[PDB]
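Asks: A structural model of the following input is requested.
(chains A and B)
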Amino acid sequence: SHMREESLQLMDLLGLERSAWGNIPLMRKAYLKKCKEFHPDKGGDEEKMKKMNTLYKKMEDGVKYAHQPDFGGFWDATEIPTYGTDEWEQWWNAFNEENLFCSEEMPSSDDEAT
Amino acid sequence: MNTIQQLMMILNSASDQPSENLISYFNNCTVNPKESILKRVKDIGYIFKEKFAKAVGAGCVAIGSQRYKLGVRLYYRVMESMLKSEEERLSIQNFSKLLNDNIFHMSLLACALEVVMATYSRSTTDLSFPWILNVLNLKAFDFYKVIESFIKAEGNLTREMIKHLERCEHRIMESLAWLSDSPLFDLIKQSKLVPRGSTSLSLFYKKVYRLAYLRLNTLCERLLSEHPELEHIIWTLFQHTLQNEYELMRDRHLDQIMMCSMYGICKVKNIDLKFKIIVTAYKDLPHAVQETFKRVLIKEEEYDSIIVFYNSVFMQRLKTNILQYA
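Replies: Numbers count the residues shown, from 1 in each chain, chains lettered A, B, ... in the order given. Next comes the structure:
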């Protein structure tokens, strides 16, 4: 419905050019930049960011999934959570504290070869 | 050559009483250190002889006395050399400051005992390096300060015996220096509230980087052949940790930081490096011990796995410093 209207409406506040449109990864690379630059001290985007998020996610959706009929590249990115209320720093911190966290476990142990 | 035999000879035929010439030095000091250093040797004696026996079988106190006794001759022997090779460079002939400095003697003597002890060592409940320091109540760092100068003040050290001390020195830089309650810290701070203290700590650091880096290199080449531009972005994190977040080394090991620096940097750049392989590779380095990445200090006297150290401490402390690399 209003997809093409939100189109420019999102590429806008995202600071990207409508000629690298449906490129979600390159759009994410951007969206994240707008985060590493947001400060509820220089910016009052508390509302102009709440949208910057809502829309982008509505465009990522069309890709982040693996379809029963399995075609299309595979996603595997992370997770940009709906930014509704959670204070920006508690959110922004959370997100990185994750893209930097190690979810592995040490290995079994020694060998047995000869 | 400098045969283990040649040394054993010079030691046996050496005096147990300071050289007449080595006394000329005492007598040229603002404050004569004779009785001072002399009373030391004696006091240390019991302390050693005993904290030696109470760690080695029984009935063999003779060997004890012998080792220290011999240790002592080497001790004086060096000092003189160490003093002559100081009159020359830096002309002066006095030397009060140094010869009255408890730690000096305390370190020189230690090193000898470590060298004496380690050559008559084929026999011997093991006292390899680490030991001696806890006997003389000597701090790792301080012992380290005398190592370089010591190897150079005795030409009768076997090529092996030398490597033994080089290892020691190398061990103090990778962990011992940074042990809990070690002057290395309390010293570093003070250099951030009044720079230009002396070429020493900044020198130590110099030798450290020389160490760490090369390991960092060894690993970076294997586990990171593609896009090498990272080798230098890790090192930076690393240094930064040493320089600004040094406290993070308290009761930890250089290698421990290197790795975490490896992981965290490859993680903000979205890179194929799994801690799994990092630790896997780490074993191939000519010294590493599984113990280094399996037991890592965390909170109090609680140790867990490098990974835990990472997510609960590393990642959390220099988090901000990393995020500006994404």
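Asks: how about the residues of chain A near chain B?
Replies: A:32, A:36, A:96-97, A:99-102, A:104-107 (CB under 8 Å from any CB of the partner chain). C-beta: built from backbone N, CA, C; applies to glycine.
Asks: mind redoing it with 7 Å?
Replies: A:96-97, A:100-102, A:104, A:106-107 (CB under 7 Å from any CB of the partner chain).
Asks: can I get these in JSON lines with secondary structure and neighbour count?
Replies: Output for these, formatted as JSON lines (DSSP: H, G, I helix; E, B strand; the rest coil; neighbours: other CB atoms under 10 Å in any protein chain shown):
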{"residue": "A:96", "secondary structure": "helix", "neighbour count": "20"}
{"residue": "A:97", "secondary structure": "helix", "neighbour count": "14"}
{"residue": "A:100", "secondary structure": "coil", "neighbour count": "20"}
{"residue": "A:101", "secondary structure": "coil", "neighbour count": "14"}
{"residue": "A:102", "secondary structure": "coil", "neighbour count": "19"}
{"residue": "A:104", "secondary structure": "coil", "neighbour count": "13"}
{"residue": "A:106", "secondary structure": "coil", "neighbour count": "15"}
{"residue": "A:107", "secondary structure": "coil", "neighbour count": "11"}
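Asks: what's the spacing between the helix ranked longest in chain A and its chain's center?
Replies: In chain A, assigned by DSSP state H, the helix with the most residues is helix A:50-64. Remark: helix A:50-64 is offset 8 Å from the chain centroid, using CA atoms, centre = their mean, to the nearest Å.
Asks: same thing with stretch B:274-290?
Replies: 23 Å.
Asks: pull the CA atoms of that stretch into PDB?
Replies: These are the backbone C-alpha positions of stretch B:274-290, laid out as PDB (Å, rounded to 0.1, in the frame of the first residue of the first chain):
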ATOM      1  CA  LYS B 274      36.400 -18.000  16.500                       C
ATOM      2  CA  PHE B 275      37.900 -18.000  20.000                       C
ATOM      3  CA  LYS B 276      38.000 -21.800  19.400                       C
ATOM      4  CA  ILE B 277      40.800 -21.600  16.900                       C
ATOM      5  CA  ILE B 278      42.500 -18.600  18.600                       C
ATOM      6  CA  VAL B 279      43.100 -20.800  21.600                       C
ATOM      7  CA  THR B 280      43.700 -23.800  19.400                       C
ATOM      8  CA  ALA B 281      46.600 -22.000  17.700                       C
ATOM      9  CA  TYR B 282      47.900 -20.500  20.900                       C
ATOM     10  CA  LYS B 283      49.000 -24.000  22.000                       C
ATOM     11  CA  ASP B 284      51.600 -24.300  19.300                       C
ATOM     12  CA  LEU B 285      53.600 -21.300  20.600                       C
ATOM     13  CA  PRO B 286      56.900 -22.600  22.300                       C
ATOM     14  CA  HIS B 287      55.900 -22.000  25.900                       C
ATOM     15  CA  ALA B 288      52.200 -21.600  26.100                       C
ATOM     16  CA  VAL B 289      50.400 -23.900  28.500                       C
ATOM     17  CA  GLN B 290      46.700 -24.900  28.300                       C
END
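Asks: Can you give me the buried ones in it?
Replies: If you call a residue buried by 16 or more other CB atoms under 10 Å in any protein chain shown, then stretch B:274-290 has these buried ones: B:275, B:278-279, B:281-282, B:288.
Asks: out of these, which touch chain A?
Replies: Okay, of the buried residues of stretch B:274-290 touching chain A (CB under 7 Å from any CB), that's residue B:275.
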